[PDB]
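S.K.: My structure file input.tsv, TSV, C-alpha atoms and all ligand atoms, is below:
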```tsv
chain	number	residue	atom	x	y	z
A	4	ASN	CA	-167.53	-72.30	43.77
A	5	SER	CA	-167.69	-76.22	43.58
A	6	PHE	CA	-167.18	-76.26	39.77
A	7	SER	CA	-166.75	-79.67	38.09
A	8	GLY	CA	-166.09	-80.80	34.52
A	9	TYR	CA	-164.17	-77.71	33.30
A	10	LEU	CA	-161.21	-77.73	30.89
A	11	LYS	CA	-158.36	-75.37	31.84
A	12	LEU	CA	-157.45	-73.17	28.81
A	13	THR	CA	-154.97	-70.78	30.48
A	14	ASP	CA	-153.69	-70.19	34.08
A	15	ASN	CA	-156.96	-68.44	34.94
A	16	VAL	CA	-159.61	-69.28	32.21
A	17	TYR	CA	-161.70	-72.53	32.39
A	18	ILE	CA	-164.44	-73.65	29.98
A	19	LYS	CA	-167.39	-76.11	30.06
A	20	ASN	CA	-170.17	-77.04	27.68
A	21	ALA	CA	-173.04	-76.26	30.06
A	22	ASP	CA	-176.16	-74.10	30.51
A	23	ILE	CA	-175.05	-71.20	32.85
A	24	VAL	CA	-178.48	-71.37	34.59
A	25	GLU	CA	-177.92	-75.00	35.53
A	26	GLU	CA	-174.27	-74.37	36.55
A	27	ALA	CA	-175.42	-71.52	38.82
A	28	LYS	CA	-178.20	-73.61	40.46
A	29	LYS	CA	-175.77	-76.46	41.14
A	30	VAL	CA	-172.63	-74.51	42.19
A	31	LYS	CA	-174.25	-71.35	43.77
A	32	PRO	CA	-171.06	-69.37	43.07
A	33	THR	CA	-170.12	-66.15	44.84
A	34	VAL	CA	-170.56	-64.31	41.45
A	35	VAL	CA	-172.57	-65.08	38.29
A	36	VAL	CA	-172.04	-62.68	35.37
A	37	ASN	CA	-175.03	-61.46	33.34
A	38	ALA	CA	-174.55	-60.28	29.70
A	39	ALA	CA	-176.67	-57.14	30.23
A	40	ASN	CA	-177.81	-54.02	28.27
A	41	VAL	CA	-177.50	-50.47	29.72
A	42	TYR	CA	-181.08	-50.39	31.06
A	43	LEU	CA	-180.85	-53.90	32.58
A	44	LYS	CA	-183.86	-55.06	30.58
A	45	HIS	CA	-183.42	-58.85	30.59
A	46	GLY	CA	-185.46	-59.70	27.53
A	47	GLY	CA	-183.48	-62.32	25.64
A	48	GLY	CA	-180.24	-64.27	25.40
A	49	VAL	CA	-178.36	-65.09	28.66
A	50	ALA	CA	-180.06	-62.18	30.43
A	51	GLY	CA	-183.57	-63.51	29.74
A	52	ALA	CA	-182.54	-66.99	30.87
A	53	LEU	CA	-180.97	-65.85	34.20
A	54	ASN	CA	-183.96	-63.54	34.90
A	55	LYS	CA	-186.44	-66.35	34.14
A	56	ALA	CA	-184.60	-68.63	36.59
A	57	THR	CA	-185.17	-66.02	39.35
A	58	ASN	CA	-188.92	-65.85	38.32
A	59	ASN	CA	-188.52	-62.14	37.48
A	60	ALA	CA	-187.01	-61.18	40.87
A	61	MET	CA	-183.83	-60.03	39.03
A	62	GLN	CA	-185.88	-57.74	36.71
A	63	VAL	CA	-187.79	-56.07	39.57
A	64	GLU	CA	-184.52	-55.40	41.46
A	65	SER	CA	-182.90	-54.17	38.20
A	66	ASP	CA	-185.73	-51.69	37.48
A	67	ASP	CA	-185.27	-50.23	41.00
A	68	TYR	CA	-181.49	-49.96	40.43
A	69	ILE	CA	-182.11	-48.03	37.16
A	70	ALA	CA	-184.74	-45.76	38.72
A	71	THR	CA	-182.27	-44.75	41.50
A	72	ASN	CA	-178.92	-44.79	39.62
A	73	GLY	CA	-179.61	-44.32	35.93
A	74	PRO	CA	-178.45	-46.63	33.10
A	75	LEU	CA	-174.98	-48.19	32.95
A	76	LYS	CA	-172.41	-47.18	30.33
A	77	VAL	CA	-171.31	-49.64	27.58
A	78	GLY	CA	-168.24	-51.35	29.06
A	79	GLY	CA	-169.60	-50.80	32.60
A	80	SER	CA	-171.15	-52.95	35.32
A	81	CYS	CA	-173.03	-53.08	38.59
A	82	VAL	CA	-173.25	-55.68	41.37
A	83	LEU	CA	-176.78	-56.75	42.40
A	84	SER	CA	-178.23	-59.82	44.22
A	85	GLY	CA	-177.71	-63.22	42.69
A	86	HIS	CA	-181.03	-64.36	44.22
A	87	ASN	CA	-181.27	-68.22	44.01
A	88	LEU	CA	-178.44	-68.43	41.41
A	89	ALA	CA	-175.44	-66.93	43.28
A	90	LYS	CA	-174.48	-64.61	46.20
A	91	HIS	CA	-174.16	-61.73	43.64
A	92	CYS	CA	-174.90	-61.05	39.98
A	93	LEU	CA	-172.30	-58.88	38.14
A	94	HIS	CA	-174.32	-57.26	35.30
A	95	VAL	CA	-171.78	-56.35	32.58
A	96	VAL	CA	-172.51	-54.44	29.38
A	97	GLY	CA	-170.46	-55.49	26.33
A	98	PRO	CA	-170.77	-53.50	23.07
A	99	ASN	CA	-173.59	-54.28	20.68
A	100	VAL	CA	-171.39	-54.18	17.59
A	101	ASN	CA	-174.52	-54.76	15.40
A	102	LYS	CA	-175.63	-51.23	16.46
A	103	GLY	CA	-172.23	-49.58	15.81
A	104	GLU	CA	-170.90	-49.76	19.38
A	105	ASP	CA	-167.10	-50.05	19.31
A	106	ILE	CA	-165.61	-53.52	19.71
A	107	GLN	CA	-162.77	-51.85	21.75
A	108	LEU	CA	-165.30	-51.63	24.61
A	109	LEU	CA	-165.28	-55.46	24.87
A	110	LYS	CA	-161.91	-55.10	26.71
A	111	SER	CA	-163.49	-52.54	29.15
A	112	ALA	CA	-166.40	-54.94	29.66
A	113	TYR	CA	-164.11	-57.87	30.59
A	114	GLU	CA	-162.01	-55.58	32.88
A	115	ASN	CA	-165.01	-55.56	35.30
A	116	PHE	CA	-164.36	-59.27	35.99
A	117	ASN	CA	-161.03	-58.37	37.65
A	118	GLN	CA	-162.85	-56.95	40.68
A	119	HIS	CA	-163.90	-60.54	41.69
A	120	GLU	CA	-161.55	-63.45	42.44
A	121	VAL	CA	-163.85	-66.22	41.06
A	122	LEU	CA	-166.72	-65.80	38.53
A	123	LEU	CA	-169.15	-68.03	36.58
A	124	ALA	CA	-169.72	-66.29	33.23
A	125	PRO	CA	-170.92	-66.40	29.65
A	126	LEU	CA	-169.05	-65.02	26.58
A	127	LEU	CA	-169.71	-61.25	26.38
A	128	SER	CA	-171.05	-59.56	23.19
A	129	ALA	CA	-171.58	-63.00	21.55
A	130	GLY	CA	-175.14	-64.04	20.51
A	131	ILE	CA	-177.56	-61.12	20.06
A	132	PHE	CA	-174.75	-58.50	20.57
A	133	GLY	CA	-173.14	-59.69	17.28
A	134	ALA	CA	-169.44	-60.16	18.17
A	135	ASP	CA	-167.56	-63.22	16.96
A	136	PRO	CA	-167.56	-65.59	19.98
A	137	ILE	CA	-163.98	-66.78	19.35
A	138	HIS	CA	-162.81	-63.11	19.26
A	139	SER	CA	-164.75	-62.62	22.55
A	140	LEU	CA	-162.87	-65.57	24.17
A	141	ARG	CA	-159.57	-64.06	22.98
A	142	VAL	CA	-160.36	-60.70	24.66
A	143	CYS	CA	-161.38	-62.59	27.82
A	144	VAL	CA	-158.03	-64.44	27.86
A	145	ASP	CA	-156.02	-61.24	27.10
A	146	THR	CA	-157.90	-59.15	29.73
A	147	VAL	CA	-159.20	-61.16	32.68
A	148	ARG	CA	-156.57	-61.85	35.33
A	149	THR	CA	-158.87	-63.46	37.98
A	150	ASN	CA	-160.36	-67.01	37.84
A	151	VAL	CA	-163.18	-67.23	35.29
A	152	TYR	CA	-165.32	-70.33	34.64
A	153	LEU	CA	-167.00	-69.92	31.26
A	154	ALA	CA	-170.20	-71.83	30.54
A	155	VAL	CA	-170.89	-72.26	26.78
A	156	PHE	CA	-174.36	-73.61	26.02
A	157	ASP	CA	-173.94	-74.48	22.33
A	158	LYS	CA	-171.88	-77.68	21.83
A	159	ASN	CA	-170.84	-76.70	18.24
A	160	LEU	CA	-169.56	-73.38	19.59
A	161	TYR	CA	-167.81	-75.05	22.59
A	162	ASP	CA	-165.95	-77.47	20.24
A	163	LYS	CA	-164.86	-74.57	17.96
A	164	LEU	CA	-163.54	-72.59	20.97
A	165	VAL	CA	-161.60	-75.61	22.37
A	166	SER	CA	-160.10	-76.45	18.94
A	167	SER	CA	-159.08	-72.80	18.31
A	168	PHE	CA	-157.60	-72.36	21.84
A	169	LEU	CA	-155.78	-75.71	22.35
B	1	LIG	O1	-172.87	-70.08	25.34
B	1	LIG	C1	-173.56	-69.85	24.38
B	1	LIG	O2	-173.98	-70.78	23.55
B	1	LIG	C2	-174.02	-68.45	24.05
B	1	LIG	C3	-172.82	-67.56	23.63
B	1	LIG	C4	-173.15	-66.13	24.14
B	1	LIG	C5	-174.45	-66.23	24.92
B	1	LIG	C6	-174.57	-67.72	25.30
B	1	LIG	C7	-175.92	-68.20	25.81
B	1	LIG	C8	-175.96	-69.07	26.91
B	1	LIG	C9	-177.14	-69.51	27.43
B	1	LIG	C10	-178.36	-69.11	26.86
B	1	LIG	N1	-179.54	-69.58	27.36
B	1	LIG	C11	-180.65	-69.15	26.77
B	1	LIG	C12	-180.62	-68.28	25.69
B	1	LIG	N2	-179.50	-67.81	25.17
B	1	LIG	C13	-178.34	-68.22	25.77
B	1	LIG	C14	-177.10	-67.79	25.25
```
Could I get this structure in the form of structure tokens?
Ligand SMILES: O=C(O)[C@@H]1CCC[C@H]1c1ccc2nccnc2c1
M.R.:
Amino acid sequence: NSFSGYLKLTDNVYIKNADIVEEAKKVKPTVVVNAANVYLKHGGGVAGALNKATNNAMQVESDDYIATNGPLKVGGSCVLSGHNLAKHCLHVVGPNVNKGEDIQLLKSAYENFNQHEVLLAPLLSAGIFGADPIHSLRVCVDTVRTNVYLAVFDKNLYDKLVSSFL
């Protein structure tokens, strides 16, 4: 949890323009959040990048979790190993609003963060899931009560979020 270079947006939400893979390798936080789908198939976006950084160890562990427990629900989560990125990975499923999943479930998705005192995380449902990233930051701020360090890869997006929030 040796985070550096973050801007404090609220009492408990911090933001940095950084690649979450590189933040995780440098900080080795207690918890790194993955933006997952219900079958934990880490094919693209943040999920593909975190899985690639574990050289597919996260995918093999995830397939075993699904074979024993079944898929997650939208708005749900599970805690698995963080491998070389963190002590734990919290795999959280935000709604895929491009496939008709209700945006109201974005609040349920962020509620999972409250089970952990400190987390390194991306914006949920942004990117391939289709939600507006600034709306996702708003739900994060309105919902998460624990300390969250958000890593935003795209500089244009990061600047938009900081200008809209400060
Ligand atoms: O922060 C961002 O710019 C977006 C917002 C939601 C998903 C974020 C993200 C971060 C790292 C990624 N690395 C490889 C591929 N896609 C990624 C996507």
S.K.: Given the choices A:67, A:120, A:105, A:114, which gets closest to residue 145 (chain A) if the distance is worked out from all atoms listed in the file?
M.R.: A:114
S.K.: Kindly provide the residues of chain A that approach ligand LIG 1 (chain B) to within 10 Å, each paired with its closest atom pair and their distance in Å to one decimal, based on all atoms listed in the file, listed by chain and increasing number, as a Markdown table.
M.R.:
```
| residue | atom | partner | partner_atom | distance |
| --- | --- | --- | --- | --- |
| A:19 | CA | B:LIG1 | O1 | 9.4 |
| A:20 | CA | B:LIG1 | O1 | 7.8 |
| A:21 | CA | B:LIG1 | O1 | 7.8 |
| A:22 | CA | B:LIG1 | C9 | 5.6 |
| A:23 | CA | B:LIG1 | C9 | 6.0 |
| A:24 | CA | B:LIG1 | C9 | 7.5 |
| A:25 | CA | B:LIG1 | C9 | 9.8 |
| A:37 | CA | B:LIG1 | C5 | 9.7 |
| A:38 | CA | B:LIG1 | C5 | 7.6 |
| A:47 | CA | B:LIG1 | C12 | 6.6 |
| A:48 | CA | B:LIG1 | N2 | 3.6 |
| A:49 | CA | B:LIG1 | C13 | 4.3 |
| A:50 | CA | B:LIG1 | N2 | 7.7 |
| A:51 | CA | B:LIG1 | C12 | 6.9 |
| A:52 | CA | B:LIG1 | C11 | 5.0 |
| A:53 | CA | B:LIG1 | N1 | 7.9 |
| A:55 | CA | B:LIG1 | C11 | 9.8 |
| A:124 | CA | B:LIG1 | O1 | 9.3 |
| A:125 | CA | B:LIG1 | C6 | 5.8 |
| A:126 | CA | B:LIG1 | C4 | 4.9 |
| A:127 | CA | B:LIG1 | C4 | 6.4 |
| A:128 | CA | B:LIG1 | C4 | 7.0 |
| A:129 | CA | B:LIG1 | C4 | 4.4 |
| A:130 | CA | B:LIG1 | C4 | 4.6 |
| A:131 | CA | B:LIG1 | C5 | 7.7 |
| A:132 | CA | B:LIG1 | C4 | 8.6 |
| A:133 | CA | B:LIG1 | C4 | 9.4 |
| A:134 | CA | B:LIG1 | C4 | 9.2 |
| A:135 | CA | B:LIG1 | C3 | 9.5 |
| A:136 | CA | B:LIG1 | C3 | 6.7 |
| A:137 | CA | B:LIG1 | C3 | 9.9 |
| A:139 | CA | B:LIG1 | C4 | 9.2 |
| A:153 | CA | B:LIG1 | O1 | 8.3 |
| A:154 | CA | B:LIG1 | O1 | 6.1 |
| A:155 | CA | B:LIG1 | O1 | 3.3 |
| A:156 | CA | B:LIG1 | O2 | 3.8 |
| A:157 | CA | B:LIG1 | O2 | 3.9 |
| A:158 | CA | B:LIG1 | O2 | 7.4 |
| A:159 | CA | B:LIG1 | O2 | 8.5 |
| A:160 | CA | B:LIG1 | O2 | 6.5 |
| A:161 | CA | B:LIG1 | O2 | 7.6 |
```
S.K.: To one decimal place, how far is CA of residue 95 (chain A) from CA of residue 40 (chain A) in Å?
M.R.: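 That distance, rounded to one decimal, is 7.8 Å.
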S.K.: A:111, A:54, A:5, A:118: which is nearest residue 87 (chain A), counting all atoms listed in the file?
M.R.: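 Among the listed residues, A:54 lies closest to residue 87 (chain A).
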S.K.: Determine the axis-aligned bounding box of all atoms of region 115-127 of chain A present in the file, pad each side by 8 Å, and express its centre and edge lengths in Å to one decimal place as lines of an AutoDock Vina configuration file.
M.R.:
```
center_x = -166.0
center_y = -61.8
center_z = 34.4
size_x = 25.9
size_y = 28.5
size_z = 32.1
```
S.K.: Could you check the closest approach to residue 106 (chain A) for each of A:44, A:138, A:147, A:163 and tell me which residue wins, using all atoms listed in the file?
M.R.: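 Once distances to residue 106 (chain A) are computed over all atoms listed in the file, the minimum belongs to A:138.
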